[PDB]
Amino acid sequence: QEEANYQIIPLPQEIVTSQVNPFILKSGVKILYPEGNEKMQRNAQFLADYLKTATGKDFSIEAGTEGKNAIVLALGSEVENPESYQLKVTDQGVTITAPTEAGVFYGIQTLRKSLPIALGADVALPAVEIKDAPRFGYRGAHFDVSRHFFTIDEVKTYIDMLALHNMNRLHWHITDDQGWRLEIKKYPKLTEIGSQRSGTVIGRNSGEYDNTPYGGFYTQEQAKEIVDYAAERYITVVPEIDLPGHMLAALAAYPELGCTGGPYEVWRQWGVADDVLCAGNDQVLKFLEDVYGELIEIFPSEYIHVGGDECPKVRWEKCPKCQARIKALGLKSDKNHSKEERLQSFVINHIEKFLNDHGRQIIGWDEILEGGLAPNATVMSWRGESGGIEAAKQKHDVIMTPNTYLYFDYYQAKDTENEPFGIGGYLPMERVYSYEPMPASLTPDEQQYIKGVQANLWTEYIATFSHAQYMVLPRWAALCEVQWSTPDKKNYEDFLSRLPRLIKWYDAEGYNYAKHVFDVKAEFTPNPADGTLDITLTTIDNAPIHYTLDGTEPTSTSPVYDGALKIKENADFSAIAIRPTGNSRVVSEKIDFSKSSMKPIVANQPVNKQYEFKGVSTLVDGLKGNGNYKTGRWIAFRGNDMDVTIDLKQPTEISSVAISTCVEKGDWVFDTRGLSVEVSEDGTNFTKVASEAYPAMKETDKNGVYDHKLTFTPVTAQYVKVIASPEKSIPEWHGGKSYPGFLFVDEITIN
Ligand SMILES: CC(=O)N[C@@H]1[C@@H](O)[C@H](O)[C@@H](CO)O[C@H]1O
Ligand SMILES: [Ca+2]
Ligand SMILES: [Cu+2]
């Protein structure tokens, strides 16, 4: 028999539990909703759908206030927070009570996420009282459907994914330079021409082009379908028709809207286009009024996103019409703004006034601060937090989407080679979760202007919905705890222990996701005291870890990890986590163990401060490095030799010393010019037993790892001094001729 678990994502405010019998969830149980409430009937059908993917069973939906062996949805308690709820469980029944139908829905999402996926099985719901409410009223995700186009069905899946994470906003970015995606009745060419490009660039603007005509748009009926589908799941769809930049698709369709007058093409490549709407053209203002006039008939959202990001002023500076507008308005350059930044403020003010007259407010990207903020504008801070902080100080509402924390087109792993191709950056789960949306630099009163938190998905490098899921799951799980949970409840270790129960729902709903959190985490800790390299292995779900030391594939039949592996000998280490769902990536490490490994070592000359890492002890930990000299497997020397003494602890017969170096000549990192081995009985007086000089490197020599080994007549020694020269004088062919080069070394092996 299965048991429910209320330790879910996002973590509720208040969870109690008692020593009373649980509620058994078997065939016969009913869901009750208030007579004649369409939303609460839809809430009941949602619970039934969820209970059907969790248990294998159907549960009847019926009108009612009262029932034995029943789950009762009802309205009640305070309206302080409209999205709050109360989930009480006894052996007799289940109550989900909220001040609105949306609060009942988030109460239902909590019951949903508490359940395991166990087909054919009855489930025990332990006796509990859950009081919960979101911290932020605006909890959103953005979706770029211009750069690559996504179908109605894919956008609905995105909306189902929002609901599972208690998010109440879809920011729908439906126009840009590379495609216009909404049918407009007055301007048919916005879709006939504006929705089509000749092809798409390959890689990061590489000059190679995929000459496949690419396009797609939504009809006004299809866009209404999305509004309605989102509205059932208590999600407001905030549309963005980005202006006055990111408008090449509109210019291709109607070139008179641009400063030069064309020619313009729908853009095949990525980045920022200089060709923007002409602020000096009365046709452009009429055009925006007409487009936004049609937009607000489709999208009832009180808030409408006008964009305002990355609008270069270069065309405006040279345009006689834009300069005539500037002259007539008396716009001036001062320390706060250029004339052309004041001209942008005029455009944002014009569309705000039109939308305020039709009962709507505007959101803009933090660039709308340029030339003075529109008096009623909400600011979406994306260029870090600083735009939001300045907006809050001017008493304007802020939605935080900082690219330092919440740009989910960025890589979510350091090892970008093994990731799907992306724009760049590094936003791992831990970084996303560490985000505190309320800046420490704002006064309490200024903090009330932080209304929302949202993560953006730009799709320059996202062509499939499966890859879009990979990029947002499970990073949305971290985001939604930030959006929802109180800041004092946040603990990263605890969140990661809750994540696997949410991934089970990703699996059951057929959602793709990144699997980095499921990896075996390996720590290699030197133990000088014991003369061992201690390997510790962990998973977030504490799944069974199987390992090999002999270089064979680790399987379900290999030895099981029981506690620290104390390595005292050569080893091809490999470990894997065994999971019903599918096995983890294999974590592996070559352990090069010798007479030097975990022995005391001293620097006789200085280690380079910049590339010191864990220090000289790095050269006797049994670990080797690769071509990348920045990992901490390598320590560097510059302006003096690697000159170290290793204490073998007692007199010992030795016959060889081996090192590796890391070469990157472009970075002034060169191979050693000579290696030497001296021995002592007393630790003061050393005698040379072997050496070799290496010639200066030539232009055609490879970068990467070089191996250097000296053999010699067996000799008895307690102390071994190993000396390696860097390049004191970089050779003539190289730009740094005569300057000293870096030397990087990873390990001193002695046998
Ligand atoms: C407000 C904003 O972010 N604008 C652009 C966006 O078109 C682009 O896709 C993204 C890259 O991550 O960032 C900026 O270049
Ligand atoms: Ca090492
Ligand atoms: Cu112009």
# chains A, B, ... in the order shown; residues from 1 in each chain; ligands from 1

call {"tool": "closest_atom_pairs", "arguments": {"of": "chain A", "to": "ligand 2", "cutoff": "10 Å", "atoms": "only C-alpha atoms and all ligand atoms", "output": "tab-separated table"}}
result
residue	atom	partner	partner_atom_place_in_ligand_line	distance
A:591	CA	ligand 2	1 (Ca)	9.3
A:592	CA	ligand 2	1 (Ca)	8.5
A:593	CA	ligand 2	1 (Ca)	10.0
A:597	CA	ligand 2	1 (Ca)	8.8
A:616	CA	ligand 2	1 (Ca)	9.1
A:617	CA	ligand 2	1 (Ca)	7.8
A:618	CA	ligand 2	1 (Ca)	4.6
A:619	CA	ligand 2	1 (Ca)	4.3
A:620	CA	ligand 2	1 (Ca)	5.5
A:621	CA	ligand 2	1 (Ca)	4.8
A:622	CA	ligand 2	1 (Ca)	5.2
A:623	CA	ligand 2	1 (Ca)	4.0
A:624	CA	ligand 2	1 (Ca)	4.9
A:625	CA	ligand 2	1 (Ca)	7.1
A:632	CA	ligand 2	1 (Ca)	8.9
A:633	CA	ligand 2	1 (Ca)	5.7
A:634	CA	ligand 2	1 (Ca)	7.1
A:635	CA	ligand 2	1 (Ca)	9.0
A:659	CA	ligand 2	1 (Ca)	9.6
A:660	CA	ligand 2	1 (Ca)	9.7
A:745	CA	ligand 2	1 (Ca)	8.2
A:746	CA	ligand 2	1 (Ca)	4.6
A:747	CA	ligand 2	1 (Ca)	4.1
A:748	CA	ligand 2	1 (Ca)	7.5
A:749	CA	ligand 2	1 (Ca)	9.2

call {"tool": "select_by_dssp", "arguments": {"residues": "range 158-301 of chain A", "states": "helix (DSSP H, G or I)", "output": "PDB file with C-alpha atoms, in the first residue's frame"}}
result
ATOM      1  CA  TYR A 158       3.657  24.820 -21.663  1.00  0.00           C
ATOM      2  CA  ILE A 159       0.466  26.073 -19.827  1.00  0.00           C
ATOM      3  CA  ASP A 160      -0.149  22.598 -18.202  1.00  0.00           C
ATOM      4  CA  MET A 161       3.550  22.781 -17.044  1.00  0.00           C
ATOM      5  CA  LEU A 162       2.979  26.299 -15.494  1.00  0.00           C
ATOM      6  CA  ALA A 163      -0.114  25.016 -13.554  1.00  0.00           C
ATOM      7  CA  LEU A 164       1.875  22.053 -12.019  1.00  0.00           C
ATOM      8  CA  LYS A 189       0.869  41.528 -44.724  1.00  0.00           C
ATOM      9  CA  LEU A 190       2.089  41.188 -41.056  1.00  0.00           C
ATOM     10  CA  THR A 191       1.424  37.389 -41.489  1.00  0.00           C
ATOM     11  CA  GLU A 192       1.493  37.028 -45.362  1.00  0.00           C
ATOM     12  CA  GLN A 220      -7.106  35.552 -33.740  1.00  0.00           C
ATOM     13  CA  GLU A 221      -9.389  32.504 -32.963  1.00  0.00           C
ATOM     14  CA  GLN A 222      -6.316  30.289 -32.129  1.00  0.00           C
ATOM     15  CA  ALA A 223      -4.941  33.058 -29.785  1.00  0.00           C
ATOM     16  CA  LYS A 224      -8.418  33.242 -28.066  1.00  0.00           C
ATOM     17  CA  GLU A 225      -8.194  29.393 -27.667  1.00  0.00           C
ATOM     18  CA  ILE A 226      -4.893  29.899 -25.674  1.00  0.00           C
ATOM     19  CA  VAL A 227      -6.432  32.744 -23.520  1.00  0.00           C
ATOM     20  CA  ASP A 228      -9.464  30.481 -22.678  1.00  0.00           C
ATOM     21  CA  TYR A 229      -7.343  27.291 -22.087  1.00  0.00           C
ATOM     22  CA  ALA A 230      -4.996  29.320 -19.769  1.00  0.00           C
ATOM     23  CA  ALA A 231      -8.035  30.953 -18.005  1.00  0.00           C
ATOM     24  CA  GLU A 232      -9.392  27.461 -16.975  1.00  0.00           C
ATOM     25  CA  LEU A 248      11.989  43.927 -38.742  1.00  0.00           C
ATOM     26  CA  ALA A 249       9.077  41.485 -39.529  1.00  0.00           C
ATOM     27  CA  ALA A 250       6.652  44.506 -39.519  1.00  0.00           C
ATOM     28  CA  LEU A 251       9.170  46.571 -41.636  1.00  0.00           C
ATOM     29  CA  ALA A 252       9.504  43.711 -44.224  1.00  0.00           C
ATOM     30  CA  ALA A 253       5.642  43.806 -44.485  1.00  0.00           C
ATOM     31  CA  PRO A 255       8.751  49.264 -45.228  1.00  0.00           C
ATOM     32  CA  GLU A 256       7.254  52.834 -44.931  1.00  0.00           C
ATOM     33  CA  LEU A 257       7.253  52.274 -41.075  1.00  0.00           C
ATOM     34  CA  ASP A 282       2.712  59.588 -37.939  1.00  0.00           C
ATOM     35  CA  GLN A 283       1.917  56.272 -39.831  1.00  0.00           C
ATOM     36  CA  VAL A 284       3.999  54.370 -37.153  1.00  0.00           C
ATOM     37  CA  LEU A 285       1.942  55.784 -34.191  1.00  0.00           C
ATOM     38  CA  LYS A 286      -1.372  55.089 -36.078  1.00  0.00           C
ATOM     39  CA  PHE A 287      -0.003  51.541 -36.858  1.00  0.00           C
ATOM     40  CA  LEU A 288       0.735  50.794 -33.122  1.00  0.00           C
ATOM     41  CA  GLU A 289      -2.723  52.155 -32.000  1.00  0.00           C
ATOM     42  CA  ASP A 290      -4.438  49.904 -34.657  1.00  0.00           C
ATOM     43  CA  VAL A 291      -2.382  46.724 -33.784  1.00  0.00           C
ATOM     44  CA  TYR A 292      -2.803  47.211 -29.963  1.00  0.00           C
ATOM     45  CA  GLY A 293      -6.514  48.064 -30.572  1.00  0.00           C
ATOM     46  CA  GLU A 294      -6.941  44.531 -32.092  1.00  0.00           C
ATOM     47  CA  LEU A 295      -4.582  42.917 -29.457  1.00  0.00           C
ATOM     48  CA  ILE A 296      -6.727  43.976 -26.395  1.00  0.00           C
ATOM     49  CA  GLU A 297      -9.934  42.539 -28.066  1.00  0.00           C
ATOM     50  CA  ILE A 298      -8.172  39.066 -28.061  1.00  0.00           C
TER      51      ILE A 298
END

call {"tool": "residues_around", "arguments": {"residues": "residue 607 in chain A", "least_positions_apart": "3", "cutoff": "8 Å", "atoms": "only C-alpha atoms", "output": "PyMOL selection string"}}
result
chain A and resi 603+611-612+615-616+635-637+642

call {"tool": "residues_near_ligand", "arguments": {"ligand": "ligand 1", "cutoff": "9 Å", "atoms": "only C-alpha atoms and all ligand atoms", "output": "count of residues only"}}
result
31

call {"tool": "residues_near_ligand", "arguments": {"ligand": "ligand 3", "cutoff": "9 Å", "atoms": "only C-alpha atoms and all ligand atoms", "output": "list in words"}}
result
residues 257, 258, 259, 260, 276, 277, 278, 279, 280, 281, 315, 316, 317, 318, 319, 320, 321, 322 and 323 of chain A
